[PDB]
Amino acid sequence: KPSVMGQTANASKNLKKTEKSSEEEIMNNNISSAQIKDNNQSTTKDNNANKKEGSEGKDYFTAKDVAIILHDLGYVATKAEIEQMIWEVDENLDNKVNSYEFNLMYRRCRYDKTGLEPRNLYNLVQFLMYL
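The residue numbers you see begin from 1 on each chain and track the sequence as written, which may not match the entry, and residues missing coordinates are not shown. A larger assembly contains the chains displayed, and the values given here are confined to that displayed part. Hydrogens are left out, water is left out, and the side-chain values use all remaining heavy atoms of the structure.

Listed as the method for this PDB entry is cryo-EM; the listed resolution is 38 Å.

In structure tokens, the structure reads:
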């Protein structure tokens, strides 16, 4: 169920955000929230993220690796759109994806109030942790 799952999470979010709107229809901040967000045994996520994405292993992650992972997943690698998947969460330096940036994104998207932040890149992290 490789593509249909990225479609599930998508459609669930599409309904979730409609209900989030319904809620209002009826009736150092970054780090201070990061530290408290989920601190589960993320050695699974770290070892898995390096095992599936981190090839060279120097705190650096590009679009070529995500493109080849997408193609290996039997997915139709859109030639240039994967750049947006790399970019949507890049906040310090455009074309800089650090392991610390994985921590920040993973964590802000894992434990938060609403979500909606990208809803579209860490779905792949959810997939790799899923299988």
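On we go from here.
*Asks:* Would you mind going over the packing of aromatic side chains with me for this structure?
*Replies:* Describing an aromatic ring pair means giving the distance of the ring centres and the angle of the ring planes. Stacked, edge-to-face and tilted labels apply to pairs of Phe, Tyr and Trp rings (six-membered ring for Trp) whose centres lie within 6.5 Å, assigned for plane angles under 30 degrees, over 60, and everything in between, in that order. The tally for this structure, following the rule as stated, stands at one aromatic pair. Between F61 and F102, the ring centres sit 4.5 Å apart and the planes meet at 75°, which makes this aromatic pair edge-to-face. Placement of the pair is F61 in the loop between α3 (43-52) and α4 (63-72) and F102 in helix α6 (residues 99-110), with a sequence separation of 41 residues. Over the ring of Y106 we find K45, and its NZ or CZ is 4.4 Å from the ring centre. Each helix is a run of DSSP H or I of at least 4 residues and each strand a run of E of at least 2, with the numbering of both proceeding from the N terminus. Definition used: whenever NZ (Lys) or CZ (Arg) falls within 6 Å of the ring centre and also within 35 degrees of the ring normal, the charge is taken to sit over that ring.

*Asks:* Whenever I open this one, a negative patch on the surface confuses me. Can you help?
*Replies:* Nonpolar side chains (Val, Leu, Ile, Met, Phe, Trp, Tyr) are joined into patches within 5 Å and like charges within 9 Å, using only residues with over 30% relative accessible area and no salt bridge. Computed with the Shrake-Rupley method and a 1.4 Å probe, the accessible areas treat only the protein chains shown as cover for residues. The term salt bridge refers to a side-chain nitrogen of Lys or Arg lying within 4 Å of a carboxyl oxygen of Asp or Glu. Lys and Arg are tallied as positive, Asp and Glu as negative. Neither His nor the chain termini are counted. Just so you know, the charge point we use is NZ for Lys, CZ for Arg, CG for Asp and CD for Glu. Taken together, the side chains of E19, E23, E24 and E25 define an acidic patch exposed on the protein surface. Assignment of secondary structure puts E19 in helix α1 (residues 2-26).

*Asks:* I keep staring at the environment of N92 and nothing clicks. Help me out?
*Replies:* The topology assignment puts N92 in the loop between α5 (82-87) and α6. Counting along the chain gives 18 residues from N92 to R110, while the straight-line C-alpha distance between them is 20 Å. Two residues qualify as a contact provided that any one of their heavy atoms is within 4.5 Å of a heavy atom in the partner residue. Apart from residues lying up to four places away in sequence, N92 is in contact with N98 and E101. Here the side chain of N92 touches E101 through a polar contact of 3.4 Å, side chain to side chain. In protein, a polar contact requires one atom able to donate a hydrogen and another able to accept it; more generally it is a pair of N or O atoms within 3.5 Å, and residues adjacent in sequence count only if both atoms are side-chain atoms.

*Asks:* Can you walk me through the side chain of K37 in this structure?
*Replies:* Within the secondary structure layout, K37 lies in the loop between α2 (29-34) and α3. An unpaired buried charge is present at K37: no salt bridge exists, and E117, the closest side chain of opposite charge, is 6.6 Å distant. Ignoring anything within four residues of it in the chain, the contact list for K37 reads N30, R107, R108 and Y111. The cut-offs for exposure are 20% and 50% of the maximum accessible area for each residue type, with area from a 1.4 Å probe on protein chains only; residues under the lower value are buried, those over the upper are exposed, and the others partly exposed.

*Asks:* What is the right way to look at α3 in this model?
*Replies:* What sets the pattern is the α-helix's 3.6 residues per turn: residues three or four places apart point alike. Those residues of α3 that sit buried are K45, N48 and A49. For α3, the buried positions fall inside an angular range of 100° around the axis, keeping them on one side. The outward face of α3, more than 90 degrees from its buried face, is lined by the exposed residues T43, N47 and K51. Buried residues along α3 sit in contact with α6 and α7 (122-130). Think of it as the arc spanned by the lines of direction from the helix axis to the C-beta atoms.

*Asks:* How should the pattern of salt bridges be read in this particular structure?
*Replies:* Side chains that differ in sign of charge can pair as their charged atoms come close. All told, the structure shown has two salt bridges when counted by the stated rule. Between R110 and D38 there is a salt bridge, with its nearest N and O atoms 3.9 Å apart. With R110 in helix α6 and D38 in the loop between α2 and α3, the pair connects residues that are 72 residues apart, well separated along the chain. We note a salt bridge from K58 to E56, for which the minimum N-O separation is 2.6 Å.

*Asks:* What's the story with the side chain of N48 in this structure? I'm lost.
*Replies:* Note on placement: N48 falls in helix α3. In this structure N48 comes out as buried when scored by relative accessible area, which is 12%. Beyond its immediate sequence surroundings of up to four residues, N48 is in contact with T43, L128, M129 and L131.

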